[PDB]
Amino acid sequence: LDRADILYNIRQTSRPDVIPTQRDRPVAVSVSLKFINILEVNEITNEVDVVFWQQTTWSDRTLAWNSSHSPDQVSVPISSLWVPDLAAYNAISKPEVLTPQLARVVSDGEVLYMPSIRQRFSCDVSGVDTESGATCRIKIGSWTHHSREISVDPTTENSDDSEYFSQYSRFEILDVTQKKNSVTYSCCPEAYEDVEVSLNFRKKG
Amino acid sequence: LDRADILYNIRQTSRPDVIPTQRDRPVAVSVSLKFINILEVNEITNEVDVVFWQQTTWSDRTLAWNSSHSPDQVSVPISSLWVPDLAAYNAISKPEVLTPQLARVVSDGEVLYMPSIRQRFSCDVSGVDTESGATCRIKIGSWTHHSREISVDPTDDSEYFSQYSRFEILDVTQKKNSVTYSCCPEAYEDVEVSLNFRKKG
Amino acid sequence: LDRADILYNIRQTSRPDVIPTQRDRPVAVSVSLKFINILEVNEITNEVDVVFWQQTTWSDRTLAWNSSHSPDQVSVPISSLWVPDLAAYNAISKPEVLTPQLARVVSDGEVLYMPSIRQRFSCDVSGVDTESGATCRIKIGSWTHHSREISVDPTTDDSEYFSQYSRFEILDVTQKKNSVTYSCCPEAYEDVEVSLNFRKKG
Amino acid sequence: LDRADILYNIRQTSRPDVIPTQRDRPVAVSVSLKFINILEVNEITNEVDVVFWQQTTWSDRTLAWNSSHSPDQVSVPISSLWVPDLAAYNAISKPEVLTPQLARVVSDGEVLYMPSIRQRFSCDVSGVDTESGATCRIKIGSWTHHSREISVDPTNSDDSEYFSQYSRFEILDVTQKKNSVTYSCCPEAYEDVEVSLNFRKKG
Amino acid sequence: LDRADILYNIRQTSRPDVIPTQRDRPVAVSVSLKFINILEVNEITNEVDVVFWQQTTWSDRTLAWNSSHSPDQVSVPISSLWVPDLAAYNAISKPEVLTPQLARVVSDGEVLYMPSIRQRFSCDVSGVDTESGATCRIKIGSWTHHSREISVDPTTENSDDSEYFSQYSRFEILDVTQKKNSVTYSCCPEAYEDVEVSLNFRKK
Ligand SMILES: CCOc1cc(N2CCCNCC2)cnc1Br
Ligand SMILES: CCOc1cc(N2CCCNCC2)cnc1Br
Ligand SMILES: CCOc1cc(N2CCCNCC2)cnc1Br
Ligand SMILES: CCOc1cc(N2CCCNCC2)cnc1Br
Ligand SMILES: CCOc1cc(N2CCCNCC2)cnc1Br
Ligand SMILES: *[C@@H]1O[C@H](CO)[C@@H](O)[C@H](O)[C@H]1NC(C)=O
């Protein structure tokens, strides 16, 4: 197999509308926000514009191929793949996807999708101008799939919070923490999982 | 049947352009707005920006399947389904759909579509900065289907409302209407959602 | 025939790119603007934002079906139908179509398309804050079809649908049909001019 | 042939991606801007918003049909035709096309496309508020086709006839100049038309 | 072959989704920014709006044809070609592509794609109002392809930095420099190449 064959096979057989659930267990989705910039903060209205990479991983065994004597990974347009229906609950604009919409697929079916996104959020901006800073909480989960179909978890790994954060922003990041939740909305009987990412930041002098 | 089969069958045979009317009785559509946020209020111009979940339910039996030994529900792209042609009459921007455009379909054909929407409205903003607050009325109905084809009916007020909004919700009420426009002989149904809100102190 | 059959037949056989001219006669298009709101008026720049229903009717016999023991009307996506190439000459933004893009088709081929549109216009805003108000003239006609292919006519209570919450009020709406020759081309092109007389309220 | 047949044949056989070059000669494109309005002028930033009809003509013989006992002209969606890849070099927004995207095609293959366009430009706004006015130069040419593939020429005419009487501005004069430019990126010459719009604020 | 045949063949056999890697060697991509205009500078927020031609070249042999007695080049919609997944890392708006989206393809498979783009960036705007000006660094590389699949290099050319820059801008260009980098991100084990274009400019 070469890349052309792999991509052809994926395109011809991939079912972008079918959740790759296996043996009726939930698809385990990992989500991690890598903050790149903070723009347009407004303490009066409690709104903020953020740019972040939304690192998203999951497994879809239907994409798998035998990689002996073949490429181990390819880049695939997300239009040809099933993608988790994640949404930020407190976003007040739709995601502006800044980057090419390609996911990376490994021969065992592991998928990585990591777009850079600019989005405006409603959250707690109070104290952005103090030492202790503001703490903006971003809530992300599957819009339509309950806990038996999609589980959402923060990425297990440690990292430099500001690793990719712009040195030219008027703001700086003090801390990022994550919390997993499972919520029952009065609309539906099942539980829906989400990750809450708490961004602690302040204005630089 | 597995999910793949169900979704394949729906895709291959769904008529997104065909209203699932049965025996010429109207498709009964339920509409309910779950308010998430109020931004950008303007008492001078009587305009307001709102974020809300537009909970929409209806039945389409052409989607039904035998669910013994099969999944009972699936998520389906709305591009593969007929969806009611609802519009907010007093909206002054087109709906900005914030969420993935998927509906939930049950094996008996019951459909739920609940996108989060940001939209600007023309309505009564007067009194927003007072104790009794403003009351903004949002009118939603089928744009082109009369009452014999589509009926619209209303389904805690702040359950999902952002605690970080500059505004707070005092009350939400709903009223069903049936209106005859001078352009057309038939009646058209709508739901009027009255949002009573004020600026927080 | 049920609705599914009718819609299937229309989709399979409709030619959205073909003007439904019959026997060399122009397609008779009716146009009427139902004003819903007036927002963002600017007397300095002579620009105004308007929301209106653009009621558009015409006949396309190719859509017709025998309706005894069948539905008499269906809603059809405009992407499946020929639609008149109308434009507002003095619009300075492209139409923002607010509503689902569906037309109503009757079994004899009569079509109604009535989207709610928000659009900005260049026009005479002077006097908007006076008793007699401003008179904004909106000119609408076929962009590319001359008078032998498309005729345009005004439709044989002005505030009926106008928002009571607008900062403005409508004093009067009048309509005039015109036939104009542009230097770019030898044939005449029809338009309807809708004159909206409005003023700022107390 | 009726219109349905003509439009069907055009749709089925049109190669929107193929430049209708005939016999090693460049496709001759005519361009003319009919100014409708001038909005949002900014003398500090040298930027201006203009609305204009971009009258564009060329010949594509692959579209031709025998018109004896047939319509002589049809309106065709530009998605079904090859269209010149014109761009305004000094535009700072993408064209906002205001009108239905249809071209007029004559039975001999002559094409006319004339959309109304709103676009923002970077140009010389100085003096806009004086008697002699400002002169904004708009440069339009094929983005990717050199002079052996596309030639561009201005269409003696009043490019001002359609200008809004309700604009805050007025047009004093419009002139055109044809250029042939070599860019350091590429060895060939690329043609453009420069339209100079002389205008001022009304007093 | 005429142009119609060439374009037909390209459309029918082109795999826009397949990186034209040849024999386990990265696709060599050249990138060069031709600055056209600088608008909307903000020294408080360190943001700037720039208009530039993003000159991008690479080779795709699957596009090649025998050009004896045939046209040597054609213009091709990029929707029919593989195109490098380049992104500007410090962009804060998506690229507004101003020009027709066509690439130029030579009979040997060389491709040139050069759209004019308007985009807003986060970068160092300080000193823009001084003699020495500001230096805004723009970082461009493949979003998803590591160094064994795509290499990125500045264009070998020497150039006049202001050749196409608008005389009507409120700003002027003092200097443009380029640096190639190879970076390892903590998300992945491989290295990703980028070009950093440093734009030294000031208010007139
Ligand atoms: C039956 C659940 O289907 C749903 C749920 C939701 N929401 C409630 C569950 C959590 N996600 C927010 C919206 C939206 N659309 C459809 Br469709
Ligand atoms: C026959 C009615 O068809 C209609 C009606 C309407 N409206 C009048 C009925 C209620 N909805 C507002 C628009 C718009 N487009 C078409 Br098409
Ligand atoms: C046959 C004329 O073809 C035309 C005419 C116009 N206009 C002149 C005729 C009246 N309508 C305004 C635009 C625009 N595009 C094409 Br294509
Ligand atoms: C054959 C060169 O191909 C080009 C040239 C240019 N430009 C230089 C030639 C004149 N047009 C401006 C852009 C842009 N894209 C491609 Br692709
Ligand atoms: C193999 C890694 O897959 C990736 C990596 C990245 N990035 C990390 C490498 C450098 N480019 C920035 C994003 C984005 N999407 C996918 Br998919
Ligand atoms: C190209 O085709 C021409 C025939 O016109 C011939 O001269 C030559 O052999 C061909 N070149 C290759 C490498 O096939």
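For the numbers below, each heavy atom of this structure counts, side chains included, while hydrogens, waters and symmetry mates do not. For ligands, and for the atoms within them, numbers begin at 1 and follow the listed sequence. Per chain, numbering begins at 1; letters A, B, ... match sequence-line order.
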E:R120/A:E96 salt bridge by N-O under 4.0 Å criterion: no
C:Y89 N/O under 3.5 Å from ligand 3 N/O: yes
Protein contact of atom 16 (C) of ligand 5 - nearest heavy atom, named by residue and atom, plus distance: E:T144 CG2, 3.7 Å
Sub-4.0 Å heavy-atom contact, C:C185 with ligand 3: yes
Atom 17 (Br) of ligand 5 - nearest protein heavy atom and its distance: A:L112 O, 3.2 Å
Contact check, side chains of A:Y168 and A:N37, non-hydrogen atoms, under 4.5 Å: no
Shortest protein contact, atom 8 (C) of ligand 5 (heavy atom only): A:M114 CE, 3.6 Å
Atom 2 (C) of ligand 5 [closest protein heavy-atom partner, distance rounded to 0.1 Å]: E:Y192 OH, 3.2 Å
Protein residue, atom and distance nearest to atom 7 (O) of ligand 6, heavy-atom basis: E:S68 OG, 4.2 Å
Distance-only N or O hit between ligand 3 and C:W143, under 3.5 Å: yes
Residue pair A:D72 / A:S107, side-chain donor-acceptor N/O under 3.5 Å: yes
Protein contact for atom 9 (O) of ligand 6 (heavy atom, distance under 4.0 Å): no
Side-chain heavy atoms of A:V76 within contact of A:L63, under 4.5 Å: no
Mutual orientation of the aromatic rings belonging to C:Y182 and D:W53 [parallel < 30°, tilted 30-60°, perpendicular > 60°]: tilted
Protein contact of atom 14 (O) of ligand 6 - nearest heavy atom, named by residue and atom, plus distance: E:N66 ND2, 3.6 Å
Ring-ring centroid check C:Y189 C:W143, cutoff 6.0 Å: no
Exercise: do E:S122 and A:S166 side chains pair donor with acceptor under 3.5 Å: yes
